[PDB]
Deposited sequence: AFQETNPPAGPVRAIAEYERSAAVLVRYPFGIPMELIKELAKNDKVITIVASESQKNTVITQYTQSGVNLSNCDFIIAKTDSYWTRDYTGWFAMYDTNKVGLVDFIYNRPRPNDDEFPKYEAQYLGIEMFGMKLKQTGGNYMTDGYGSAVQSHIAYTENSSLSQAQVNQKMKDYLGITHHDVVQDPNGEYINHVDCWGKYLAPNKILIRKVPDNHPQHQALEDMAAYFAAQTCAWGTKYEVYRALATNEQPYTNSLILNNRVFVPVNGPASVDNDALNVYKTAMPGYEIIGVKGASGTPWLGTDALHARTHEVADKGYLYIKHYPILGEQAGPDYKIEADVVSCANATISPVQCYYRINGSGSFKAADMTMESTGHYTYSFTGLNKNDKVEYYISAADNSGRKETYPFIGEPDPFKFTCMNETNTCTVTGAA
């Protein structure tokens, strides 16, 4: 059962789903199609939860027979009640400047084995765990990686013995959340999970479910989209609000962002799926958008699909780039904090840039002003010049990261004004 602990030594920063992932967590007996596991294992480590050595051998045989990349397959032996790894597995946070930790909570379901799982996850990953005494579920949580978290109202109503202020304080203490945006769920369904209607695609992008004009939740969802469209994101610009039209409860927001690939559940008709996949492609240049059909025995549902049955795993040796970009009409100095959770040697730290969209991107070394603090000034440009840039860093543990994560295909853009 859940065990409360003191929060992590600060400062704390919750890691977003679109940050670097070292693996993805799935569970057996499966709630996902084998084709999805095969596609995930092609590029990423797939950790499968099984209850015993016998179940591990059964899964190995299924993976082997289906041509799954076994070199990217590992296992955790732990009892579980369900395959909703999104909802009961631990949440990732950076803390004490150079560490990655796991945050446990009271799973809001009568599933004691699922509730106990984060202890096994932290042990497997070789990371510390912290017990946040809140009734929570991963399906109802998303962070932008800049201290904001969006959750439906059950984050308050399922913690009714605490004031909203005490609930907010726990999110701040254990996950570094400074903006706990608890909203009235606009879907009118029993589940009240953010992932059934909303998803941050980047710190400045949010996807909000859209339904036909006649649907009873049409105005609630339009109001939610307008609410995000009118607010300033972590980067100081208004959110880019994208909409995925569900003509018949297709769970298009219930996708998985895993490194440079996005796994979107598709239920049909093909024309409606194609429109939703093209919204992701428009919103996320450089990402591989993959439509995934459901398993006939455990199909995708409006309230429960691909995101619900997966959970990304952060990199405990994460080469992290902290940066607030210079954007739009605009001193033209960028600053970035670059820290290695592996305590690896960081070199080089570069700014890749392009002027007026001409030619290839050019690299310039950033200056290290103080430990882990890098700067670069844009100089010798002309008024009305347009700039594209991104940050690039590598370390001697073989890690290579860009900011934004996808790098060159979606650079930061500003105009010399």
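J.: Relative to the deposited sequence, which regions have no modelled C-alpha positions in the structure?
T.: Going by the record, the segments left unmodelled (no C-alpha atoms) fall at 331 to 333, 421 to 432.
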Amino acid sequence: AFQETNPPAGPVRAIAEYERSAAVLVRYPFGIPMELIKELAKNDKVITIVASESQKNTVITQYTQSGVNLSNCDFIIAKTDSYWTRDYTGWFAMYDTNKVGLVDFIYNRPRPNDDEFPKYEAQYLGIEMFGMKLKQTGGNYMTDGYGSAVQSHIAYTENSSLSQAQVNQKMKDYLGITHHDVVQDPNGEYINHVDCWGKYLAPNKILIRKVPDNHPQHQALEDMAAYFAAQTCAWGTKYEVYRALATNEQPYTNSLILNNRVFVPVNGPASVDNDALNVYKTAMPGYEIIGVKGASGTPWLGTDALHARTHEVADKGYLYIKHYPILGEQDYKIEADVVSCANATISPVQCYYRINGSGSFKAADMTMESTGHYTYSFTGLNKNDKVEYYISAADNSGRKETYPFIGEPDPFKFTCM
From here on, numbers count along this sequence of modelled residues.
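J.: Quick check: 392 to 400 versus 405 to 413, which has the larger average CA B-factor in the record?
T.: 392 to 400 has the higher mean C-alpha B-factor.
J.: When the C-alpha temperature factors are averaged for each of 310 to 318 and 215 to 223, which stretch ends up with the higher value in the entry?
T.: Higher of the two, by average CA B-factor, is 215 to 223.
J.: Among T89, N254, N204, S71, single out the one with the highest C-alpha B factor in the record, please.
T.: Of the candidates given, the C-alpha B-factor peaks at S71.
J.: Just the C-alpha B-factor column, please: which of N108, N187, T143, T178 has the biggest number?
T.: In the PDB entry, the greatest C-alpha B-factor among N108, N187, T143, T178 is found at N187.
J.: Thinking about Cα B factors across the chain, which third does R27 belong to?
T.: Lowest third, going by the recorded CA B-factors of the chain.
J.: Could you tell me which third, lowest, middle or highest, the C-alpha B-factor of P269 occupies within its chain?
T.: Top third by C-alpha B-factor.
J.: With respect to C-alpha B-factor, does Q350 fall in the lowest, middle or highest third of the chain as deposited?
T.: It falls in the middle third of the chain.
J.: State the tercile, meaning the lowest, middle or highest third, of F228 with respect to the CA B-factors recorded for its chain.
T.: Middle third by C-alpha B-factor.
J.: Which third, lowest, middle or highest, does the CA B-factor of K172 fall in along this chain?
T.: CA B-factor rank for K172: lowest third.
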